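Participant: For reference, this is my_file-v1.cif, and it has mmCIF, C-alpha atoms.
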data_structure
loop_
_atom_site.label_atom_id
_atom_site.label_comp_id
_atom_site.auth_asym_id
_atom_site.auth_seq_id
_atom_site.Cartn_x
_atom_site.Cartn_y
_atom_site.Cartn_z
CA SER A 22 -10.00 -46.99 -46.99
CA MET A 23 -6.72 -45.56 -45.72
CA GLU A 24 -7.21 -47.19 -42.32
CA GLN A 25 -7.50 -50.61 -43.99
CA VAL A 26 -4.25 -50.06 -45.91
CA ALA A 27 -2.48 -49.07 -42.68
CA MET A 28 -3.67 -52.23 -40.92
CA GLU A 29 -2.50 -54.21 -43.93
CA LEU A 30 0.93 -52.58 -43.69
CA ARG A 31 1.10 -53.55 -40.01
CA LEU A 32 0.29 -57.16 -40.93
CA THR A 33 2.98 -57.10 -43.63
CA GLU A 34 5.44 -55.76 -41.08
CA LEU A 35 4.51 -58.49 -38.59
CA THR A 36 4.93 -61.09 -41.33
CA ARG A 37 8.46 -59.83 -42.06
CA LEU A 38 9.40 -60.10 -38.38
CA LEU A 39 7.85 -63.57 -38.00
CA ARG A 40 9.70 -64.74 -41.10
CA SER A 41 12.96 -63.80 -39.38
CA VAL A 42 11.79 -65.54 -36.18
CA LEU A 43 10.77 -68.67 -38.12
CA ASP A 44 14.18 -68.81 -39.80
CA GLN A 45 15.93 -68.50 -36.45
CA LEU A 46 13.77 -71.21 -34.87
CA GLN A 47 14.26 -73.63 -37.75
CA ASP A 48 18.03 -73.17 -37.44
CA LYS A 49 17.69 -74.79 -34.00
CA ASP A 50 16.51 -77.98 -35.76
CA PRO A 51 19.67 -78.88 -37.65
CA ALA A 52 18.48 -82.48 -38.16
CA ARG A 53 15.36 -81.20 -40.01
CA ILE A 54 13.20 -83.47 -37.88
CA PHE A 55 10.42 -80.84 -37.83
CA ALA A 56 10.84 -79.54 -41.37
CA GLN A 57 7.91 -81.41 -42.96
CA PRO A 58 4.54 -82.89 -41.93
CA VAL A 59 4.66 -86.38 -40.46
CA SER A 60 3.87 -88.71 -43.38
CA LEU A 61 0.59 -90.60 -43.05
CA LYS A 62 1.95 -93.17 -45.47
CA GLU A 63 4.87 -93.85 -43.12
CA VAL A 64 2.93 -93.34 -39.87
CA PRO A 65 -0.61 -94.40 -40.78
CA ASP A 66 -1.99 -94.17 -37.22
CA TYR A 67 -0.63 -90.67 -36.55
CA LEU A 68 -3.98 -88.85 -36.53
CA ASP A 69 -5.34 -91.30 -33.95
CA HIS A 70 -2.68 -89.85 -31.64
CA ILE A 71 -2.18 -86.26 -32.71
CA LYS A 72 -5.24 -84.17 -33.44
CA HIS A 73 -3.50 -81.05 -34.75
CA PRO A 74 -0.31 -81.90 -36.66
CA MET A 75 2.18 -79.11 -37.27
CA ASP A 76 5.61 -78.62 -38.87
CA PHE A 77 7.84 -75.81 -40.18
CA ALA A 78 6.76 -76.15 -43.84
CA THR A 79 3.11 -75.80 -42.84
CA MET A 80 3.93 -72.74 -40.69
CA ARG A 81 5.83 -71.17 -43.59
CA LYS A 82 2.81 -71.64 -45.89
CA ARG A 83 0.52 -69.91 -43.40
CA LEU A 84 3.09 -67.14 -42.86
CA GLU A 85 3.49 -66.31 -46.55
CA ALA A 86 -0.30 -66.01 -46.83
CA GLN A 87 -0.04 -63.49 -43.97
CA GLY A 88 -2.09 -65.92 -41.91
CA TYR A 89 -0.68 -65.03 -38.48
CA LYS A 90 -2.48 -61.97 -37.12
CA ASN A 91 -0.34 -61.77 -33.98
CA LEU A 92 2.65 -63.43 -32.27
CA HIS A 93 0.41 -65.58 -30.05
CA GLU A 94 -1.01 -67.43 -33.07
CA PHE A 95 2.52 -68.07 -34.36
CA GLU A 96 3.67 -69.33 -30.96
CA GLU A 97 0.65 -71.65 -30.77
CA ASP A 98 1.77 -73.42 -33.94
CA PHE A 99 5.41 -73.61 -32.81
CA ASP A 100 4.31 -75.14 -29.51
CA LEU A 101 2.27 -77.74 -31.45
CA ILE A 102 5.41 -78.91 -33.21
CA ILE A 103 7.16 -79.49 -29.89
CA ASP A 104 4.19 -80.75 -27.88
CA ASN A 105 2.98 -83.20 -30.55
CA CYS A 106 6.46 -84.71 -30.74
CA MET A 107 6.85 -85.08 -26.98
CA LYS A 108 3.55 -86.96 -26.78
CA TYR A 109 3.99 -89.35 -29.73
CA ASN A 110 7.63 -90.16 -29.07
CA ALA A 111 9.16 -91.53 -25.85
CA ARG A 112 11.87 -89.76 -23.82
CA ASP A 113 14.65 -92.07 -25.00
CA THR A 114 14.21 -91.16 -28.70
CA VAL A 115 16.14 -88.81 -30.95
CA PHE A 116 12.77 -87.23 -31.84
CA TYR A 117 11.75 -86.31 -28.28
CA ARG A 118 15.24 -85.07 -27.48
CA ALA A 119 15.30 -82.88 -30.60
CA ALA A 120 12.01 -81.33 -29.48
CA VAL A 121 13.38 -80.54 -26.01
CA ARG A 122 16.41 -78.84 -27.55
CA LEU A 123 14.26 -76.89 -30.02
CA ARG A 124 11.97 -75.76 -27.18
CA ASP A 125 14.87 -74.62 -25.00
CA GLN A 126 16.80 -72.80 -27.74
CA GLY A 127 13.61 -71.42 -29.27
CA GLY A 128 12.51 -69.86 -26.00
CA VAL A 129 15.44 -67.47 -26.22
CA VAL A 130 14.40 -66.34 -29.70
CA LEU A 131 10.74 -65.95 -28.77
CA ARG A 132 11.57 -63.89 -25.68
CA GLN A 133 13.12 -61.16 -27.83
CA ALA A 134 10.46 -61.51 -30.54
CA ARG A 135 7.80 -60.62 -27.97
CA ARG A 136 9.70 -57.54 -26.86
CA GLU A 137 10.13 -56.41 -30.50
CA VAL A 138 6.46 -56.89 -31.35
CA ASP A 139 5.47 -54.86 -28.28
CA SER A 140 8.16 -52.22 -28.82
CA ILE A 141 7.47 -51.48 -32.49
CA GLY A 142 3.75 -52.15 -31.98
CA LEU A 143 2.94 -54.74 -34.64
CA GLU A 144 -0.35 -56.25 -33.43
#
Could you render the structure from this file as structure tokens?
Facilitator:
Amino acid sequence: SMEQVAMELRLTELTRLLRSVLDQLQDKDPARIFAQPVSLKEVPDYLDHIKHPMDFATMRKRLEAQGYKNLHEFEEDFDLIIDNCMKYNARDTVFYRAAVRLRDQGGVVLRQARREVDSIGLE
């Protein structure tokens, strides 16, 4: 149907915007600490601690499959990256501190993303 195609175009539009947002957020992780999933070979107990692992590569895979229906779902996954890190790692670590900086700098980006999604009406 035509209505279905129009909804699909809206999803494609949202995906384009979120790709730009994802690129901007990942730029705030210059150390690439959050670029890839935590390795279960190198951290074998990780899933005993963290029940829903997340990372930028995994978000990008979901994004390119148009798997985020709205900004809230995208933000959920970004918050997992930060929140998982701040639980597993202690405050005095480069990992925790990178997550704080990513959260703070990312908030700026997500503030304007929300306005743009509302403004152009993408969800």
Participant: Would you work out the distance separating CA of residue 70 (chain A) from CA of residue 97 (chain A), expressed in Å to one decimal?
Facilitator: 18.5 Å
Participant: With all atoms listed in the file as the atoms that count, which of A:141, A:28, A:39, A:131 lies nearest to residue 84 (chain A)?
Facilitator: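 That would be A:39, the residue with the smallest distance to residue 84 (chain A).
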Participant: Any chance you could work out the residue set of the PyMOL selection byres ((chain A and resi 75) around 7) here, as a ChimeraX atom specification?
Facilitator: /A:58,73-74,76,79,98,101-102
Participant: So, with all atoms listed in the file as the atoms that count, which of A:87, A:47, A:25, A:110 lies closest to residue 124 (chain A)?
Facilitator: A:47
Participant: Could you check the closest approach to residue 29 (chain A) for each of A:80, A:90, A:129, A:138 and tell me which residue wins, using only C-alpha atoms?
Facilitator: A:90
Participant: So what do you get for CA of residue 52 (chain A) versus CA of residue 117 (chain A), distance-wise?
Facilitator: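 One can read the CA of residue 52 (chain A) to CA of residue 117 (chain A) distance as 12.6 Å.
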Participant: What does the distance from CA of residue 121 (chain A) to CA of residue 143 (chain A) come to in Å, to one decimal?
Facilitator: 29.1 Å
Participant: Out of A:33, A:109, A:94, A:48, which residue has the shortest atom-to-atom distance to residue 69 (chain A) when counting all atoms listed in the file?
Facilitator: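 Nearest to residue 69 (chain A): A:109.
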Participant: Here is a test: counting all atoms listed in the file, which residue of A:86, A:46, A:23, A:61 is nearest to residue 122 (chain A)?
Facilitator: A:46
Participant: Find, counting only C-alpha atoms, the residue in A:78, A:136, A:89, A:100 that gets nearest to residue 32 (chain A).
Facilitator: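 Nearest candidate to residue 32 (chain A) out of A:78, A:136, A:89, A:100: A:89.
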Participant: To test your reading of the syntax: which residues would the PyMOL selection byres ((chain A and resi 56) around 6) return for the file shown? Reply as a ChimeraX atom specification.
Facilitator: /A:53-55,57,76-78
Participant: Please provide the set of residues having any atom within 10 Å of residue 108 (chain A), restricted to all atoms listed in the file, with same-chain residues fewer than 3 positions apart removed, written as a short mmCIF file (atom, residue, chain, number, x, y, z; two decimals) with C-alpha atoms, keeping the file's coordinate frame.
Facilitator:
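Saved file out32.cif follows:
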data_model
loop_
_atom_site.label_atom_id
_atom_site.label_comp_id
_atom_site.auth_asym_id
_atom_site.auth_seq_id
_atom_site.Cartn_x
_atom_site.Cartn_y
_atom_site.Cartn_z
CA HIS A 70 -2.68 -89.85 -31.64
CA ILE A 71 -2.18 -86.26 -32.71
CA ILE A 103 7.16 -79.49 -29.89
CA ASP A 104 4.19 -80.75 -27.88
CA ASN A 105 2.98 -83.20 -30.55
CA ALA A 111 9.16 -91.53 -25.85
CA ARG A 112 11.87 -89.76 -23.82
CA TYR A 117 11.75 -86.31 -28.28
#
Participant: Would you list the contacts of residue 132 (chain A) as an NGL selection string, taking every protein, DNA or RNA residue within 12 Å and counting all atoms listed in the file, but skipping same-chain residues closer than 5 positions in sequence?
Facilitator: :A and (42 or 46 or 92 or 96 or 124-127 or 137-139)
